[PDB]
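Next up: a single chain in structure tokens, the form deposited in one PDB entry.
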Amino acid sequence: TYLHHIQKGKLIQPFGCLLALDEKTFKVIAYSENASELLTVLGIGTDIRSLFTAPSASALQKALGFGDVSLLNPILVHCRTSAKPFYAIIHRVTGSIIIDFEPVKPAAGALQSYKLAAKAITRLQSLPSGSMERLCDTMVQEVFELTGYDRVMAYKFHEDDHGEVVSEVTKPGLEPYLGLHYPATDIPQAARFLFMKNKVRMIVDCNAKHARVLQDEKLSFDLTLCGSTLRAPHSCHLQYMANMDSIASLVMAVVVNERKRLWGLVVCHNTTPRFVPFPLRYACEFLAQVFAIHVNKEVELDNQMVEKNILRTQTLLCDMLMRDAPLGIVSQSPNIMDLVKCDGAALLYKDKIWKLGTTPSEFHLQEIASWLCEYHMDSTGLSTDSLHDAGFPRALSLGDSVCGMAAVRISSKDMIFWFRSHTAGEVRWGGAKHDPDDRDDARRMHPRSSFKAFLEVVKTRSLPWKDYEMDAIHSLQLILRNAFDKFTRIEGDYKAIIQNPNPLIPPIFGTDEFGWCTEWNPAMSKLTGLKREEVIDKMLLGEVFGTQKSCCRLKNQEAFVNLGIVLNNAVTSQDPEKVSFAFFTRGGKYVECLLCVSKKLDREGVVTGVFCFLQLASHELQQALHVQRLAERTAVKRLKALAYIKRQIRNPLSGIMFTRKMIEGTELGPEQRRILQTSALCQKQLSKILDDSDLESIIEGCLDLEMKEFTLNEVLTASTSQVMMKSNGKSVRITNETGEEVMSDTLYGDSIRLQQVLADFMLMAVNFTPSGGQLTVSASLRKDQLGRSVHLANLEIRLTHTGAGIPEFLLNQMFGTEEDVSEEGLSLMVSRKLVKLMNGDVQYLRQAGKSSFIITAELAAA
């Protein structure tokens, strides 16, 4: 096996010395070949104190007999002959305690080494939780500057033990490996087992004259070098790295629960032999642990969202109970589409179909019913990843517009559909497509010699239907049957995997106008142990949910008062009110749930009682809303100011609109009419900025552009108009030099947003240009040198000024370098991002003592 070969390896990488001391007599029994030429007699049986100085021996011996030596590493020792600084790393092996010596090429202890990554941890913790891509990208970015390798990657393991690169930052000029998939056999289980114990592997150069550990034959024990930091990599990996042209590597390890699972590895490559000091490697261990800490939060947050999707679906399902059976679930605002994520829905009732979105034709839906009625008659529901895989003869007749389906037969020949469109199943492989039946074998020596990308075309399929999604469809099926259980799941392989669902209806209990209980759901009975008959007429507040001598017991008197308040506030507002409910069951179980209480309305429209139900949220979920509940009104109390300001700023903006519009009627000067056109564009800048409520609403998401005709002559004129008043006041000379043929180009990009981006960028030069200084604006389409045959475009704007350049603090705050942003540099961060959405990036460069804003943009048009 591979593990047996790795643990029996007797070769070490020629960048250090490995001396092993006996556990009992505390003298060397094994040594590396290069020890004599690097530590200076090196013969076996000489105490280490002979080969070092007095402070080194005392420091080593004190930690030699320590309990756990992991934290004391690294240890700075000096040789007796020349006192050349060495780093000593000590790990204990049952055969002999092994010390690895690493020269200190021109931080002692675990805590001091962790300080090297302190700047990286403060960047990971100060991150918006929720997005795993941002967490992965910021971790690879930190390692890139922390270790200084040519290419840093985040290799994430999937369920099939194969991996995919989720993020990558490299030096410019290197081919990107982002998105590539690699076989599971590339990293065997021997390496996966050791990565949970070593957690850091470093290779200085894949072509090195390996040294030999010449342990004496008199040693009864089988000394192991698996845990050492100097272990020579296997010959297959040396050729594997040579094929990828990665001479040096530093592979990290991420373990979710330090149950425990190797989430992935952080791979740092280098085309040249690279050496990294041990404190940095130890620091990377801490950073990986912090990364694994935050990874476990993202999976928890994902688990919270899937719980909120169930809760939101439960809220929707209760609403569909009150609505009319055949047509109520369609006419209202929350449709059947909101129940299950879909691109369309249909409802075949009374030989009539109620299309609700991107659904097949009316004729085609009838043929869907014919296929369902015979091929899958036994099952009342069906879910298919792809309709062609199911066996539909005319799957291709309706095209690739829709390929998934989740249909349940409520009654007779009436069925309700749920259509899902296809997804881009394009996956790129690293040179070998992983397959389930491949297994690691020790006979293989040379790996694949080609690493070119493989484009594996996956058959046309939609997203797989989630397990919780299927119960939501089944829950509506129960609702519709009453208002008037085997499910087929053709997913993946062509196998009719029959399943039964779990009803997702919430525990529902109702009250009449006076207070007597009226309804008691079976889900309510199973949660509390009280049958429907025993709580069918007793008062809810007093006898059913009461403090003393009650069928269900509340915690204290506050619960009694709180329950009565909610049951009375329901009549005032029909909208559901969410409150925390807790009570004891007949068996003494303490349950914590979230109570939704809403009015019950009859056909006449009068209050006929209260319809309420509980949401069985988890303890972690309950605290999430409860904490947010303390600041829930902040979205209303504070929104008054934003709504008032936006409303109060809109009134005189309209006054500006009416005033200048009427000017066009009157007689105007020949060149004077041009002010109206410039003023109109600036006016539209106010209109669009008012629509954008917050910058925080665009940084995490994407601020959509505008597809409109647009000429470059006006925007530069409009952008200059904003900054002339500042420039004319504090003297600043401004000139524009742009292509005359570009005025008639009439580009298809956004005009108001690009004007805004250039407005503050041009303001930047004015605020830092000395009196009388210049300010040049340029433009260059360069349509003949970017491949305009394939529909694309290019753009560039230059902003040069005098004044020895702008200060560093304002300049550094762009590109998300410094976390804190000033009241002045935040706009530049938004402005820089606003051209990132335009496939461009702004840069700075100082030439001849001048400045330059190299802002680039691309016009994605067709």
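The term rigid core refers to the maximal set of C-alpha atoms that superpose within 1.5 Å between the two forms. Just count from 1 along the sequence shown to find any residue number.
Although not depicted, the form deposited in another entry is the subject of the following passage.
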Superpose on the rigid core and name the single residue from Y282, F291, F761, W465 whose Cα moves by 2 angstroms or more between this form and the one not shown.
-> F761
After a core superposition, would you say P652 shifts its C-alpha by at least 2 Å between this form and the one not shown?
-> yes
Rigid-core frame, C-alpha of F144, shift of 2 angstroms or more between this form and the one not shown = no
Fitting the rigid core first, would the Cα of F157 be found 2 Å or more away between this form and the one not shown?
-> no
Residue pair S126, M829 - Cα distance in that other deposited form, closer or farther (3 Å or more) = farther
Any idea whether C342 and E706 get closer or farther by CA distance in that other deposited form, knowing it moves 3 angstroms or more?
-> farther
